[PDB]
Amino acid sequence: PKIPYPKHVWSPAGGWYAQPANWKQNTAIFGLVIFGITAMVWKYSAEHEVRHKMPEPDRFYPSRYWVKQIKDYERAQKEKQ
Amino acid sequence: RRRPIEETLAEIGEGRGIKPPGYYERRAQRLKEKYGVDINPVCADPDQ
Amino acid sequence: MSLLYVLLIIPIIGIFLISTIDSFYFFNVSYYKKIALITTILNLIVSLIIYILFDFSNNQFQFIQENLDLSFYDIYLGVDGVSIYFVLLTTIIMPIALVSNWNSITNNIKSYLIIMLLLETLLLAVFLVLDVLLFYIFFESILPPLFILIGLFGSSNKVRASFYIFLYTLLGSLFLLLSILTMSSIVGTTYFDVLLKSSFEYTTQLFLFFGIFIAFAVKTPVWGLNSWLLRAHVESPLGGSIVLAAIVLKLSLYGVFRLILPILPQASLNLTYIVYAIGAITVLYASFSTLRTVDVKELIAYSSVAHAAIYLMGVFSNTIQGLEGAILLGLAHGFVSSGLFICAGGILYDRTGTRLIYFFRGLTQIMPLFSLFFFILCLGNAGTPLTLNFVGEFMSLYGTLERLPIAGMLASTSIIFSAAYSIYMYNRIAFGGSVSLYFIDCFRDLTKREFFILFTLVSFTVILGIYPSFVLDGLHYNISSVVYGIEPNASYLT
Amino acid sequence: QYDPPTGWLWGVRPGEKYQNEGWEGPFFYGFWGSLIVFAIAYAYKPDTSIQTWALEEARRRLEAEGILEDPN
Amino acid sequence: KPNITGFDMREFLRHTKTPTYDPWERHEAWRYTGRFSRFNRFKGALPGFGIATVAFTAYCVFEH
Amino acid sequence: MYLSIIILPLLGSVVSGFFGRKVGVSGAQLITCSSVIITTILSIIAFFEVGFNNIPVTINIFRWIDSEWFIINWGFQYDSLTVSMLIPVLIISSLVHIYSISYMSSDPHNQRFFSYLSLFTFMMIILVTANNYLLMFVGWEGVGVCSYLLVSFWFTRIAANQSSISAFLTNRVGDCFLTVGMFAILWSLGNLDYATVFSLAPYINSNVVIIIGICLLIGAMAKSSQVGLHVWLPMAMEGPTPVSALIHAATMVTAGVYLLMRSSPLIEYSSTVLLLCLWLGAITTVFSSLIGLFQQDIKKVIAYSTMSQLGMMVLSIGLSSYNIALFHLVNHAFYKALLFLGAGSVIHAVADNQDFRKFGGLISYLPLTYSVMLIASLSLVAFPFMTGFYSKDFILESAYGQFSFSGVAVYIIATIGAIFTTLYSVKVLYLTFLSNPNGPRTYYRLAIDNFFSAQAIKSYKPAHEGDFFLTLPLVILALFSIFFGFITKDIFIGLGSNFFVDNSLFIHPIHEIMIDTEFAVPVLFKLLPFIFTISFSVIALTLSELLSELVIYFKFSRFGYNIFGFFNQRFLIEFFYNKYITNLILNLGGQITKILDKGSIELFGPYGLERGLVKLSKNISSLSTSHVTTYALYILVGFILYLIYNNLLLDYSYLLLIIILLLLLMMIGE
Amino acid sequence: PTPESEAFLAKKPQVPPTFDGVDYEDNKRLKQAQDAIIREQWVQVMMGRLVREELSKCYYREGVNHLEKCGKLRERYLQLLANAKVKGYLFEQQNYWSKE
Amino acid sequence: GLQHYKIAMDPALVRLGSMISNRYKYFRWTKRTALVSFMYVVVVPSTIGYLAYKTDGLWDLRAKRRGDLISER
Amino acid sequence: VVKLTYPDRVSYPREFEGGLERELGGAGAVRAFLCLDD
Ligand SMILES: CCCCCCCCCCCCO[C@@H]1O[C@H](CO)[C@@H](O[C@H]2O[C@H](CO)[C@@H](O)[C@H](O)[C@H]2O)[C@H](O)[C@H]1O
Ligand SMILES: CCCCCCCCCCCCO[C@@H]1O[C@H](CO)[C@@H](O[C@H]2O[C@H](CO)[C@@H](O)[C@H](O)[C@H]2O)[C@H](O)[C@H]1O
Ligand SMILES: CCCCCCCCCCCCO[C@@H]1O[C@H](CO)[C@@H](O[C@H]2O[C@H](CO)[C@@H](O)[C@H](O)[C@H]2O)[C@H](O)[C@H]1O
Ligand SMILES: CCCCCCCCCCCCO[C@@H]1O[C@H](CO)[C@@H](O[C@H]2O[C@H](CO)[C@@H](O)[C@H](O)[C@H]2O)[C@H](O)[C@H]1O
């Protein structure tokens with residue numbers, strides 16, 4: 001049984017049992033605004049992460065695909081003989 | 001406006017952030033006379 | 001004319017307009033309120049213009065006007081990086097002070113607005129004047145309009161409360177007057193630039209200290225002496241309480257960077273152990289009795305005593321860190337104490353008409369938005385990281401410890417006991433059961449006015465707590481001229 | 001099964017609307033607007049901090065020593 | 001000397017056993033019988049032990 | 001990526017908390033859960049990336065506190081120790097969210113609950129990824145706020161309010177000492193970045209390490225609930241069960257231990273702090289094993305079992321084998337969180353009842369719960385070849401491995417802790433599943449036998465098992481509780497393993513014991529905990545079931561009535577703190593308020609001066625009578641005194657005595 | 001060395017950081033003396049900041065081997081930590097001290 | 001000023017607050033009140049001040065290494 | 001009772017060549033065992 005509650009109370013987190021009908025549309029919109037903020041934070045990390053050791057050419061290290069310091073090293077290392 | 005350094009030291013005393021030139025060598029003496037321990041801080045650098 | 005006089009004249013122009021509009025019309029009181037609020041917006045606009053043009057590492061007073069017409073008492077207005085943020089706090093606070101108390105005054109509305117517009121002038125002055133006798137003049141001109149702000153718009157015990165602040169603040173300020181008068185007679189002036197050059201003899205400085213400290217212990221206030229604050233900061237109207245705690249309490253915090261640190265250094269150094277003992281005691285005795293207070297507004301007032309002790313111990317550390325932490329904790333208390341008087345004296349007392357904590361319980365169930373802001377404000381009062389209050393306490397306590405390690409360790413008890421009073425009050429009012437049974441009918445949650453002044457004040461506390469360098473960059477160079485000391489290999493260079 | 005969302009925001013019942021008291025006008029345009037304009041201008045304000053100055057010299061003193069590398 | 005109440009610990013502890021006759025005997029009969037007999041009680045205290053033990057013996061003989 | 005791990009749990013919390021209206025209960029649950037799920041994969045990747053390649057990651061974003069010599073950055077450093085901490089933190093957060101989709105399904109306020117869960121995860125990330133001690137302190141305080149917000153989630157229960165104040169202020173006590181210790185580092189070294197503190201520690205004054213070490217120890221034990229500041233961990237079980245699973249027994253308690261493992265390249269330079277950590281750890285293992293044996297609540301037992309394992313980890317730190325405690329730490333969060341989730345299922349399956357006395361049978365009704373919970377108890381007791389066997393029993397043998405008195409003592413002491421651990425773990429599995437039914441009959445009525453005629457459609461409630469969101473964690477957590485010890489026992493234990501070679505766990509070559517613990521210990525002490533566990537388990541089952549009369553003779557002996565109530569009452573510690581410490585402070589506050597503020601301060605001040613002066617002036621104005629004859633005499637009297645004064649050349653002091661003596665006579669009436 | 005920035009000319013002290021032979025009633029000279037002592041103390045403490053930043057990179061670069069490879073940086077940083085504090089000018093303004 | 005919402009003002013609790021606000025009018029100098037008024041105001045702060053006097057500049061942790069002493073005096 | 005009867009150590013402190021004095025912070029640091037007393 002659901003608790004009785006006053007219906008005049010406004011709460012940013014819904015209050016009691018609050019689910020809107022349009023919640024899937026609101027949820028989807030919030031997903032993109034999150035995914036956009038995370039994308040800005042990822043491009044920040046890629047360009048500001050600092051490593052003093054460099055990954056081996058053959059071992060799994062997916063950071064090699066987005067981090068400038070590493071990618072600039074392997075591009076320079078891809079120049080010899 | 002200015003006073004002889006010795007004059008101010010009498011009222012306040014050397015120490016409490018007032019470290020007049022030569023405070024460390026004097027402190028060496030003061031600690032040796034009281035504690036009886038020779039001060040010899042570590043180099044903290046393996047070369048020279 | 002100088003741009004620092006424009007800060008003074010605007011509230012003066014605003015008082016004139018409030019008194020001369022009814023002559024162009026039985027005009028509404030709503031139009032009285034709009035004029036006073038617009039005219040405090042302009043001061044804030046100007047004050048930010050002054051801050052953009054400030055020079056963060058200049059050792060000369062800035063925005064000065066060359067007078068060259070000497071008299072006996074001449075206003076000299078200069079801004080310095082140690083005084084700029086006190087001015088900015090004043091000009092941000094006074095619009096919220098007006099908006100907070102927008103529907104609660106109900107009578108003598110013109111007189112109420114004219115006092116606050118008068119107060120903003122006098123409190124702006126006290127940070128802007130370049131003399132220590134000029135400083136005293138404005139530091140004590142705020143006294144008559146505050147006697148009337150409490151007796152006209154105050155609560156039940158308003159008459160005794162207005163006598164207490166006036167007479168205590170008058171008495172304590174007259175021991176500061178005797179010491180200022182001695183300094184002027186010896187030096188010939190009280191203009192800052194001529195005093196800071198001059199070095200007083202140790203015995204004279206030991207007797208000027210007894211006189212500037214009697215005043216500031218009366219105006220901090222320390223525990224033995226705070227009986228005026230527990231009356232005045234409570235019986236006063238909401239707008240009175242915001243100015244009294246955020247701004248008036250800081251007149252002596254900024255008055256130690258001018259009156260003690262640069263001109264009486266040997267006294268400050270040799271007597272610090274007496275200050276620290278007093279400060280440690282008021283961190284304990286005030287914390288112990290803030291637990292047992294049954295008046296919500298009085299509980300907030302008592303919290304200010306414990307906070308002020310931490311900044312007083314910081315300004316007496318002879319360290320660059322405790323000095324900046326003292327200014328930051330002065331600013332931090334300004335925003336946070338303001339919000340908790342808005343919660344105590346301006347929302348519960350608006351809805352319940354009582355301040356007794358026995359009638360409140362479980363206000364989260366019907367006012368969720370009040371609870372959210374009340375908890376954030378309560379955590380800043382508890383000195384929690386991410387707020388500007390935490391930074392001010394961390395740096396204040398550090399310098400207290402580096403200077404005299406035992407008193408800093410007793411001052412650090414605050415960390416435990418500030419948290420205990422703040423959470424206990426919050427838990428009793430918002431949480432702590434269900435909506436209380438003394439509430440016969442339901443209570444509405446925050447209005448759009450109440451939301452946006454709490455939101456504004458809370459926002460200042462967080463963003464300044466994340467990036468305090470907004471205020472630290474101005475302080476570093478100017479604060480670096482109130483430290484007293486030398487190091488053996490860095491001093492007396494050739 | 002979830003209930004519908006509800007509440008009177010600002011105490012405004014679903015029929016009518018929030019009546020403007022007076023403060024809203026200057027507080028939203030003047031008070032806050034002054035802070036946004038202050039924030040926008042604060043970006044272009046030159047940095048006169050003592051540290052930005054002390055860093056540039058202190059780098060040059062360390063650069064003479066092997067402690068910091070000199071580009072030249 | 002015994003108390004004015006007839007209670008005593010020694011007789012209290014001696015009676016701490018399954019009573020021969022109980023006015024509530026039928027009402028409480030369920031907790032100790034059927035699904036709740038001792039065999040079914042610990043029938044599944046070790047769930048996979050039976051399946052694993054025979055399976056492991058298959059592994060052992062596989063090597064030889 | 002690394003700075004995205006930090007940000008995702010924060011972002012989901014904002015949507016759920018200040019935007020729960022817009023997304024709804026389901027919208028919040030998906031965003032909160034999925035955002036934390038995403039962070040978990042990013043951190044699984046970061047483990048292979050940082051640890052398995054020995055590539056520490058640095059990032060610095062901006063200044064936090066910039067005063068001269070004090071520059072604290074909003075900066076993060078990913079190293080070998082960091083990525084070890086994240087894996088339990090993020091998986092247990094990820095699974096507890098999924099668990100909570102069904103546990104809190106009937107609660108009115110889900111958007112607030114799931115928000116606090118995301119907020120809690122953000123703060124542990126901040127705690128373990130900071131560059132400096134001060135940003136570490138943001139998460140340290142942050143998780144403290146998040147704990148208070150979740151032990152008090154049902155803020156209408158006064159019990160919950162009391163336990164949240166207790167969680168808050170007991171943790172704020174260790175905050176004071178941790179801040180005092182942080183002021184020692186700034187005073188001694190000018191900065192509090194980790195790299196600075198550890199690069200400089202070997203040369204620092206030995207007595208200064210003993211100040212920093214004893215402050216970082218006192219603060220650590222407040223969060224890790226060691227023998228002294230531990231009163232709050234039991235009380236945290238007021239908040240919902242999934243909070244107890246993540247925060248109060250798998251992640252927040254860990255921050256106390258992580259502070260010592262992080263500060264290892266510093267506190268190894270004091271034997272005092274290590275010989276203090278050692279005993280503080282051993283006292284708590286027995287202090288909390290005895291208490292849990294005597295509790296009637298499932299969660300109070302499992303909370304006191306958390307405390308015993310925490311005491312083992314600090315034992316390992318004082319033993320100076322840091323990598324061992326980092327192993328027990330990661331391992332414990334798997335089989336501990338499994339118990340709470342498992343015991344969370346049994347509480348939900350009945351009536352939200354929590355008492356052991358009213359649970360029985362329920363092994364048939366809850367088949368999965370018993371197995372998974374016995375998966376956990378076998379590793380909690382460190383049954384051979386469980387995830388606990390590779391961590392818990394290595395501390396015991398490494399304790400004896402350090403051939404000193406203190407090492408042998410804590411072996412004996414912790415061994416007793418082991419035997420009482422096995423004892424209350426039998427108490428849990430026997431009472432709730434293997435016992436005679438003890439609760440009401442509705443817990444047990446099936447539909448096979450027909451007990452109803454006109455209401456057979458409803459009114460059964462035969463303690464059903466939970467749904468998918470309830471069981472999928474338990475089964476996954478149990479799969480960890482089996483294989484995880486063996487699979488990582490080389491990363492952490494090894495013999496000469498170089499996982500922590502970035503100085504994340506610096507052990508001083510004057511302390512190491514691995515070689516001795518590998519070879520010196522005899523087989524008897526190497527194997528002894530297995531014998532005790534296999535001996536007292538069958539004994540305990542026999543006493544609890546076969547011979548169900550001995551224990552009551554003990555309880556109703558007077559000697560046993562007292563020993564029972566000494567432990568059930570938690571060593572009387574709460575009673576003494578609440579009466580002697582807490583209530584002393586309230587009466588001190590009352591004495592200052594009543595006797596001084598409203599008393600002697602006002603009697604010796606404004607109210608005293610008011611009362612005296614008004615009486616004084618009434619008397620003086622009683623002189624003024626408008627009688628010219630009396631006025632003339634007064635003028636002549638005042639004339640004579642002037643002539644006497646300025647002709648006898650009397651001492652000026654003689655005058656003031658008269659003047660002051662006169663004023664007092666006007667104070668006196670009649 | 002690094003070229004001296006344009007912003008590093010308006011704030012560069014023109015005077016030796018002392019008070020010897022400085023008339024106090026000449027305010028501009030006295031204020032510039034004060035400013036010259038403040039900036040030397042600040043450059044000294046920012047020199048430590050930069051060495052500490054190098055030490056940090058050396059620490060994370062060498063890992064276990066930090067105890068042998070970063071000692072020169074350790075020595076410089078530990079010298080600045082006792083030689084440099086920002087102590088102000090107020091003591092030096094009000095006292096004259098000489099080598100003799 | 002503004003009319004507030006209806007409160008079941010408790011006759012008991014109102015007079016309890018009216019007791020506290022007026023409490024100081026009845027404080028007397030007894031042997032008990034002097035003892036508390038002497039310990040809190042004199043003894044405890046004098047005791048704190050004495051420790052603050054005797055430990056002033058006694059210890060410095062700044063830059064001190066092994067072989068050096070924390071004590072400055 | 002543990003103090004009265006607890007074992008003597010069985011392993012001699014491991015000898016390091018040179019004390020690893022260069023790998024622990026020079027002479028101004030605590031160094032491992034090297035041809036000393038027991
Ligand atoms: C050094 C002196 C002390 C410093 C502090 C100075 C405080 C000055 C207060 C403001 C001046 C007096 O303020 C004055 O209040 C009276 C109250 O009767 C107002 O007078 C009016 O009040 C109400 C307002 O609705 C009218 O209905 C009434 O008919 C009329 O008398 C004036 O419009 C206002 O200007
Ligand atoms: C260091 C010691 C402190 C330094 C100086 C401090 C002096 C402060 C003491 C002022 C005493 C209070 O001053 C006096 O208080 C009483 C109330 O109590 C006021 O009396 C007033 O309040 C009462 C309340 O019932 C009403 O009858 C009426 O409004 C009025 O008579 C007087 O108007 C005021 O003259
Ligand atoms: C932390 C310390 C704060 C100190 C604040 C400043 C103190 C001011 C000094 C004088 C204060 C007045 O001091 C006070 O004098 C009045 C008389 O005037 C006395 O008042 C009373 O005295 C006796 C009781 O002792 C009564 O019987 C008498 O009826 C009454 O006059 C108080 O007992 C005394 O304490
Ligand atoms: C966070 C703030 C920290 C700073 C404030 C507290 C600092 C405490 C520093 C204590 C150590 C100071 O320096 C310390 O002086 C004490 C004085 O008894 C000495 O202590 C020793 O004294 C005698 C010899 O006189 C010894 O026989 C005795 O075993 C021991 O007590 C230490 O050998 C010395 O190292």
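Just so it is clear: chains get the letters A, B, ... in the order the sequence lines come, proteins before strands, and each one is counted from 1.
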Asker: Please check if the distance between the ring centroids of C:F316 and C:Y276 is under 6.0 Å.
Answerer: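 That pair fails the under 6.0 Å test.
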Asker: Going by distance alone, is a donor N or O of one side chain under 3.5 Å from an acceptor N or O of the other, for C:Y202 and C:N270?
Answerer: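 C:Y202 vs C:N270: donor-acceptor pair found between side chains.
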Asker: Check whether any side-chain N or O of C:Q205 sits under 3.5 Å from a backbone N or O of C:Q266 as a donor-acceptor pair, and report yes or no.
Answerer: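 A pair under 3.5 Å: yes.
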Asker: Rounded to the nearest 0.5 Å, what separation is found between the CG atom of C:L264 and the CG atom of C:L206?
Answerer: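 Rounded to the nearest 0.5 Å, the CG-CG separation comes to 9.5 Å.
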Asker: At a 4.5 Å cut-off on heavy atoms, which part of C:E201 comes close to chain B: side chain, backbone, both, or neither?
Answerer: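 When you check distances to chain B, atoms from both the backbone and side chain of C:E201 fall under 4.5 Å.
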Asker: Considering only heavy atoms and a distance below 4.5 Å, find which of C:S199, C:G485, C:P265, C:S491 pairs most often with chain B.
Answerer: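 Heavy-atom pair counts peak at C:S199.
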Asker: Check each atom of C:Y484 against the heavy atoms of chain B and say whether the ones under 4.5 Å are side chain, backbone, both or neither.
Answerer: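 When you check distances to chain B, atoms from both the backbone and side chain of C:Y484 fall under 4.5 Å.
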